[PDB]
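Quick setup: one chain, the form deposited without the ligand, written in structure tokens, and binding and motion questions come after.
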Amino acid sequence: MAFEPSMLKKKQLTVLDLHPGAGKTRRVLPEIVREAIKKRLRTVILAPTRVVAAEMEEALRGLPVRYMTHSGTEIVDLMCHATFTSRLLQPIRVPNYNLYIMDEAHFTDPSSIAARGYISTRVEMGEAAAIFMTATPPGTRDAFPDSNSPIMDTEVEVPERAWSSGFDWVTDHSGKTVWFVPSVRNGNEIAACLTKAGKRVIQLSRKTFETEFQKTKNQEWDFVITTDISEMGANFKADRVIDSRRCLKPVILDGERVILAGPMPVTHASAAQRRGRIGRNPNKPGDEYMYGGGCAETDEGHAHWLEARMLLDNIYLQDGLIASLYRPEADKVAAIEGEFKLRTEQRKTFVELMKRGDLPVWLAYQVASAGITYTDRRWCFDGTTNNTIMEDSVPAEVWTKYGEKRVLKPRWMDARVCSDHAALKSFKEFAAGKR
């Protein structure tokens, strides 16, 4: 697609969907920003991560943009998706933007989903225009889209776990490989296997992305082992992508607990974004895409869209109106608008549990809605027996700040606080009352 100035008129929401590597960041985005500045539209640009934000700064070099992570007269702001949503939740002033530009608008994290819902509501009210940029917009059913250079697509058996024999083609490779895994724990086991095989490996996840991605730039490496976070703007100088074609789906069971279902097939959009990490250089043909499964569209019942409604139910708008989800995403949940609206006190705690507590949205809501205050950690230990958190098949214990050693057994079980080492470590600190 091509950008046209008429797309900036209020009530207009436009999806720009150039194929991967076609140049939406380096070419299209500055063109949009320049037009916005000329039309004196108060604008916000939304990047999925700080990595992409820094990339935009390079592309937008010389333009009066206020980077919110130098003049006072800038009318264009740039911040992260999560930063945008977080500010909407806080009782602080958010500008009445006339234009919203979201890069990587396919991002399926709750804060991004919420952002699109808020933005699309502002547009429909006639208060703004919006441009959503992504190579894989809603309705994407092509896993093998166009690329700057021909890609060698090959369906093969991809290791789901550490191996001691076979899969010679994996390690018998002299170039750089990006390997997409369904989880941190799984990637840790794959990475350990590769390291023992004498390969130089970098691991990427949401929590470690900003820091570890820097390693892909300052040293030689053979493999990058990454979760789906690398679908959201990360680029690598790689020759091969190995795609498990699998992911984990958070699912709210019984409205009492969250489990991680799967590993299960990824969406076509996800598959396309993973493959899209290579074949980006027109003058370098032959990049390989090794994939070991088909795709599936099962975002229905995915916890993230329910968590997005939890966020939007607590974002103020006008005369008690509540933002609906972005229309193509609306039927991924069944929750009623206003279902999760909290009182002022509980809402503050809700925000606090997410921000400072670093808890998943769903879990933060259970605690906050129960009227529990931030420093009250009794709930981390008083759950039913089947909520006992296990670590290497034994109950996870923690020495509390006033310890006394105690077993982790939360009143509400969200598997995401204990599915990998770093997550469990963070939750232990919280349960111990040290955050």
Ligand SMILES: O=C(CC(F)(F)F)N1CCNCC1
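In case it trips you up, residue 1 is the first one in the sequence shown, and so on.
Although it is not shown, the form deposited with the ligand bound is what the next lines describe.
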Review point. If contact means any heavy atom within 4.5 Å, which of 356-364, 182-190, 164-172, 197-205 contacts the ligand in the bound PDB entry?
Key: 356-364
Practice item. Spell it out for me: taking the ligand in the bound PDB entry, does every residue among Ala423, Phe427 and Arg435 have a heavy atom no farther than 4.5 Å from it? Key: yes
Review point. Does at least one non-hydrogen atom of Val417 fall within 4.5 angstroms of the ligand in the bound PDB entry?
Key: yes
